[PDB]
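Next comes just one chain, in structure tokens: the form deposited in one PDB entry.
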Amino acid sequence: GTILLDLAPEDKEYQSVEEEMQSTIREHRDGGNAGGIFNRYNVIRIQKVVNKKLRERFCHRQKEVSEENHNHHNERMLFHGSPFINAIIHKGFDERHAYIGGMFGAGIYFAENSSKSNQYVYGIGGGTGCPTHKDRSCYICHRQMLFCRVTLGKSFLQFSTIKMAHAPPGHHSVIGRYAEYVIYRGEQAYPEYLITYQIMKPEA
């Protein structure tokens, strides 16, 4: 099963993960409707997800992609936000749970911006917010997001909203255009870091 390795705040790895999360906050077109209003997060903890079977599947797929991408994985660290974090860390990403309504079809969506992933933690459009207060901008309830290793391989550049089931022939991912990073096989992502946090209320 899954083991969670507790990273200390004094560690460079904890600091690089938090720095990537904090520096990638952006203003979103919905004016904060989905994810809430904030300029920074309060990071509660950062844990490394260790699972032998999940690593094996990730390794297995990585090699196939590498063989088809002139010996390159084209790995990227990307954020993922969804109400399925707990299942993902135990069972792995699963394309049978791909977002069907996604702009680039039934895939698993990742982002360079942590604030983009925060919009999905409580559901599509932020759902009804946290279970306790029904608040999409809740400053109390703890949230979770993942900072993932994503095997992109040969990315297909998509500009039109198209409903793809799988990556196009000879490709391993879709970069849909801010860019949306999409994979269609759960084994092309490893949920490396589990980030537990709160959004913080800006000074009035």
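Each form is matched to the other, and the largest set of C-alpha atoms that superpose within 1.5 Å is called the rigid core. Residue numbers here begin at 1 and follow the sequence given. Only residues modelled in both forms are compared.
There is another form of this protein, the form deposited in another entry, and it is not shown here; the text below is about that form.
Following superposition on the rigid core between the shown form and the other one, the residue from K163, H60, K52, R26 with a C-alpha displacement of 2 angstroms or more is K163, and no other. Core-superposed comparison between the shown form and the other one: the CA of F79 stays below a 2 Å shift. In the core-superposed comparison between the shown form and the other one, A98 has its Cα shifted by at least 2 Å. Compared with the form shown here, the Cα atoms of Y122 and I100 sit 3 Å or more closer together in that other deposited form. The gap between the Cα atoms of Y197 and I100 is smaller in that other deposited form, by no less than 3 Å, than in this form. After fitting on the rigid core, stretches of 3+ residues whose CA atoms all move by 2 angstroms or more between the shown form and the other one lie at 98-105, 159-163.
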